Structures are given as structure tokens and as C-alpha cells.
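> Structure file work-v3.cif, mmCIF, C-alpha atoms, is pasted below:
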```cif
data_entry
loop_
_atom_site.group_PDB
_atom_site.id
_atom_site.type_symbol
_atom_site.label_atom_id
_atom_site.label_comp_id
_atom_site.auth_asym_id
_atom_site.auth_seq_id
_atom_site.Cartn_x
_atom_site.Cartn_y
_atom_site.Cartn_z
ATOM 1 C CA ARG A 146 86.609 132.299 -16.324
ATOM 2 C CA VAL A 147 90.004 133.269 -14.844
ATOM 3 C CA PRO A 148 89.010 133.431 -11.130
ATOM 4 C CA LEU A 149 87.641 129.878 -11.114
ATOM 5 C CA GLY A 150 90.970 128.633 -12.431
ATOM 6 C CA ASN A 151 92.814 130.683 -9.824
ATOM 7 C CA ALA A 152 91.097 128.499 -7.205
ATOM 8 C CA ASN A 153 91.439 125.305 -9.298
ATOM 9 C CA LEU A 154 87.699 124.892 -9.949
ATOM 10 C CA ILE A 155 87.964 124.290 -13.718
ATOM 11 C CA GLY A 156 90.247 122.335 -15.993
ATOM 12 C CA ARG A 157 93.317 124.068 -17.352
ATOM 13 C CA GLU A 158 92.332 123.209 -20.922
ATOM 14 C CA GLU A 159 89.253 125.470 -20.455
ATOM 15 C CA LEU A 160 91.560 128.408 -19.574
ATOM 16 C CA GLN A 161 93.859 127.625 -22.494
ATOM 17 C CA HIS A 162 90.913 127.586 -24.903
ATOM 18 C CA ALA A 163 89.542 130.894 -23.609
ATOM 19 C CA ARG A 164 92.934 132.612 -23.834
ATOM 20 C CA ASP A 165 93.497 131.266 -27.351
ATOM 21 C CA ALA A 166 90.038 132.535 -28.296
ATOM 22 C CA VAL A 167 90.957 136.026 -27.107
ATOM 23 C CA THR A 168 94.166 135.930 -29.143
ATOM 24 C CA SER A 169 92.383 134.685 -32.278
ATOM 25 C CA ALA A 170 89.740 137.403 -32.008
ATOM 26 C CA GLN A 171 92.507 139.991 -31.701
ATOM 27 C CA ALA A 172 94.157 138.660 -34.860
ATOM 28 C CA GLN A 173 90.886 138.756 -36.803
ATOM 29 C CA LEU A 174 90.339 142.356 -35.720
ATOM 30 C CA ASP A 175 93.835 143.190 -36.952
ATOM 31 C CA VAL A 176 93.021 141.685 -40.350
ATOM 32 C CA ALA A 177 89.856 143.776 -40.606
ATOM 33 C CA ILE A 178 91.627 146.986 -39.564
ATOM 34 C CA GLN A 179 94.404 146.499 -42.107
ATOM 35 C CA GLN A 180 91.864 145.796 -44.852
ATOM 36 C CA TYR A 181 90.086 149.058 -44.052
ATOM 37 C CA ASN A 182 93.392 150.944 -44.001
ATOM 38 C CA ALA A 183 94.256 149.473 -47.398
ATOM 39 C CA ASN A 184 90.984 150.784 -48.806
ATOM 40 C CA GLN A 185 91.657 154.270 -47.401
ATOM 41 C CA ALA A 186 94.983 154.489 -49.254
ATOM 42 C CA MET A 187 93.086 155.360 -52.452
ATOM 43 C CA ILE A 188 91.254 158.388 -50.984
ATOM 44 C CA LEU A 189 93.632 160.143 -48.556
ATOM 45 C CA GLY A 190 90.729 162.271 -47.335
ATOM 46 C CA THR A 191 90.457 164.622 -50.315
ATOM 47 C CA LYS A 192 87.331 166.214 -51.745
ATOM 48 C CA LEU A 193 85.518 164.592 -54.654
ATOM 49 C CA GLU A 194 86.833 167.016 -57.279
ATOM 50 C CA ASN B 108 74.268 85.713 17.517
ATOM 51 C CA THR B 109 77.821 86.544 18.588
ATOM 52 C CA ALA B 110 79.119 86.117 15.046
ATOM 53 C CA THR B 111 76.287 88.225 13.623
ATOM 54 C CA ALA B 112 76.913 91.101 16.038
ATOM 55 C CA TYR B 113 80.641 91.137 15.270
ATOM 56 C CA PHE B 114 80.078 91.361 11.529
ATOM 57 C CA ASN B 115 77.351 93.991 11.924
ATOM 58 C CA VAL B 116 79.799 96.248 13.759
ATOM 59 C CA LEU B 117 82.391 95.815 11.017
ATOM 60 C CA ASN B 118 79.844 96.637 8.306
ATOM 61 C CA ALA B 119 78.827 99.788 10.175
ATOM 62 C CA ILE B 120 82.450 100.952 10.259
ATOM 63 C CA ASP B 121 82.793 100.486 6.504
ATOM 64 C CA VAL B 122 79.542 102.316 5.728
ATOM 65 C CA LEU B 123 80.604 105.242 7.908
ATOM 66 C CA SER B 124 83.849 105.596 5.961
ATOM 67 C CA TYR B 125 81.987 105.537 2.645
ATOM 68 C CA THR B 126 79.514 108.210 3.726
ATOM 69 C CA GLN B 127 82.364 110.438 4.926
ATOM 70 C CA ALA B 128 83.943 110.273 1.473
ATOM 71 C CA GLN B 129 80.582 111.075 -0.117
ATOM 72 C CA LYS B 130 80.201 114.138 2.100
ATOM 73 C CA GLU B 131 83.616 115.457 1.092
ATOM 74 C CA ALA B 132 82.761 115.088 -2.595
ATOM 75 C CA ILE B 133 79.387 116.812 -2.279
ATOM 76 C CA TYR B 134 80.894 119.693 -0.306
ATOM 77 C CA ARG B 135 83.471 120.351 -3.015
ATOM 78 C CA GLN B 136 80.755 120.255 -5.678
ATOM 79 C CA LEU B 137 78.743 122.826 -3.720
ATOM 80 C CA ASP B 138 81.808 125.060 -3.470
ATOM 81 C CA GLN B 139 82.327 124.884 -7.231
ATOM 82 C CA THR B 140 78.697 125.716 -7.984
ATOM 83 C CA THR B 141 78.617 128.658 -5.573
ATOM 84 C CA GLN B 142 81.826 130.088 -7.029
ATOM 85 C CA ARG B 143 80.483 129.743 -10.572
ATOM 86 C CA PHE B 144 77.251 131.516 -9.633
ATOM 87 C CA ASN B 145 79.200 134.356 -8.039
ATOM 88 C CA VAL B 146 81.304 134.648 -11.202
ATOM 89 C CA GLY B 147 78.045 134.663 -13.171
ATOM 90 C CA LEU B 148 77.581 131.439 -15.142
ATOM 91 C CA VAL B 149 74.533 129.810 -13.467
ATOM 92 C CA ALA B 150 71.276 130.727 -11.738
ATOM 93 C CA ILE B 151 70.127 130.556 -8.121
ATOM 94 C CA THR B 152 68.249 127.307 -8.756
ATOM 95 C CA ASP B 153 71.551 125.480 -9.249
ATOM 96 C CA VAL B 154 72.837 126.736 -5.893
ATOM 97 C CA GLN B 155 69.580 125.689 -4.233
ATOM 98 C CA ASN B 156 69.893 122.185 -5.686
ATOM 99 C CA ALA B 157 73.529 121.953 -4.591
ATOM 100 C CA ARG B 158 72.570 122.996 -1.060
ATOM 101 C CA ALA B 159 69.789 120.404 -0.966
ATOM 102 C CA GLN B 160 72.191 117.672 -2.078
ATOM 103 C CA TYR B 161 74.736 118.759 0.533
#
```
Rewrite the coordinates I just gave you, this time as C-alpha cells.


Amino acid sequence: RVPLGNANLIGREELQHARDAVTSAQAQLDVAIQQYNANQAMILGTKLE
Amino acid sequence: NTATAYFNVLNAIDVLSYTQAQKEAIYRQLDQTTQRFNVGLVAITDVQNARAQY
């Protein structure tokens, strides 16, 4: 969507929404990654015994 | 007849101005549609329709 806005062929609210969507997706990914890391704190990559 | 001819000329002037404005608007719409297709949000049929309208 960015190039259309560069030439002023879409509303600026459309660019704001897309950028905010990218940021929100990044935050959700961070939440998932930290959850997984929290789970891995109880194993520390050691054998079963 | 003289009065009628005078007013006909004036009406023609006004209609010409209106159609010029219409052409500007349609040209900008065609530009938008072509750019969107190039960026990859529409199909060729939309560009064909825009060209027909222009």
C-alpha cells in the first residue's frame, strides 16, 4: 500500500491502519515468543533422565 | 430567433466547461486504477473498464 500513498492515491487513514496493523502483529509475535521461552525455562535442554 | 441563438451559444459554453471538468475527474480515476493494478490489488478487467470510461 505504501507506493500509492507516496503519490497521494489513497487516504492517509488507510496507511495509518496498515502501519498500526504491522505493529500489532509484531507485538502479538513477541507475546508468543516470550510464552515459548517461558515454557523452555523448565527444560534447559537436558536429557530425560 | 436572435434571442434564441444568443442563449444557445451561452448554453454551449456552459456545457463545454462541465464536460472539461468531467474529463479531468475521469482521467484521475484511470490513473488511480492503473497504479493500483501495477501495485497488485485489482485485475485487468478494472483497467479495461477505466479505459472505456475515459

> Run the PyMOL selection byres ((chain A) within 12 of (chain B)) on the file and write out the hits as a list in words.

residues 146, 147, 148, 149, 150, 151, 152, 153, 154 and 155 of chain A

> What does the structure give for the distance between atom CA of residue B:149 and atom CA of residue B:131, in Å to one decimal?

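One can read the atom CA of residue B:149 to atom CA of residue B:131 distance as 22.4 Å.
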
> What is the atom CA of residue A:193-atom CA of residue A:176 distance in Å, reported with one decimal?

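Atom CA of residue A:176 lies 28.0 Å from atom CA of residue A:193.
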
> May I have the residues within 9 Å of residue B:154 as a PyMOL selection string, using only C-alpha atoms and disregarding those fewer than 6 positions away in the same chain?

chain B and resi 137+140-141+144

> In Å, rounded to a single decimal, give me how far atom CA of residue A:178 is from atom CA of residue A:163.

22.8 Å

> Could you give me, as a ChimeraX atom specification, the residues within 8 Å of residue B:161, counting only C-alpha atoms and dropping anything in the same chain fewer than 4 positions from it?

/B:130,133-134,137,157
